[PDB]
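Taking the form deposited in one PDB entry, here's one chain by itself in structure tokens.
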């Protein structure tokens, strides 16, 4: 009974190390893998979350890239919260600060995520407005206590989380908003903040708040990297950077048109967004990269690892046009279930029609 106990304990540590190692694989940065390892030792599921301003069409980093990450976590003992940050978009002047339009876009985001090929068993969609107003004393008390703990300058270091900067006129809303986002982490009892690296400053503020308050339960920051825009030098795909985005409602022709003229330098993967889509979206989705091409250009070839793919790209074995053509085809295939849903479901088709009539305000 000492050797089966030993074999019971060994098998558990190997499981955790493998669970940790590929939870880390979706990530650009983890603020303490050792703390993540610790948290995966709990019997319970770990609460993870990301949050979204409903501010316009959804681009493929928020749908396609997101679902890969969420699927990895929910198949590894996590629960995942999508926080529909409607009050936040309103505070940040989005959708002309019209909350009815914001909530329409939020419903649209949920329709997208539900047809994204995410396993939904351990996924929840929570609306900021609804949840804050279920427990408004607890929530605003937290907001106020966070505001007392940090000075203004420190909080202005979080402007990037709302797409703002010191350069513009800074409204007091830009102090309230990061206090609220920080409060959300505690309000939602999050174990893992799982947002893009542009949100990291307010996730670090939350850890700092823990030290200030002598809270030992600190959230782990599991940041994912920025999916780049189509054009050279666009580090971040977004509605804000013109011509940078493929959207979740783009048609098969739109995707083909956008990929064709995207930046894809020969022999180079640094700052190459076509390669980035291959590496961050297609390869995790398919677990191989199957490069299809004409016999004239070398026929088809399957890449079973990312190193294989990189090697053949930098040495000119893969021409840019072959890389672009396959990336377009795989993005189109990954968007097929979303397209089907908005063609076959007339309520959802309606809703997409309504939200596309809106004006994208900043």
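If you superpose the two forms and keep the largest set of C-alpha atoms that fall within 1.5 Å, you have the rigid core. Residue numbers count along the first chain shown, from 1.
A second form of this protein, the form deposited in another entry, is not displayed here; the remarks below concern that form.
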| item | value |
| --- | --- |
| Core-fitted Cα difference of 2 Å or more between the shown form and the other one, single residue among 112, 262, 78, 222 | 262 |
| Is_shifted residue 272 between the shown form and the other one (CA, 2 Å cut-off, rigid core) | yes |
| Per-residue C-alpha change between the shown form and the other one, residue 144, threshold 2 Å, rigid core fit | no |
| Large Cα move at residue 161 between the shown form and the other one, threshold 2 Å, rigid core | no |
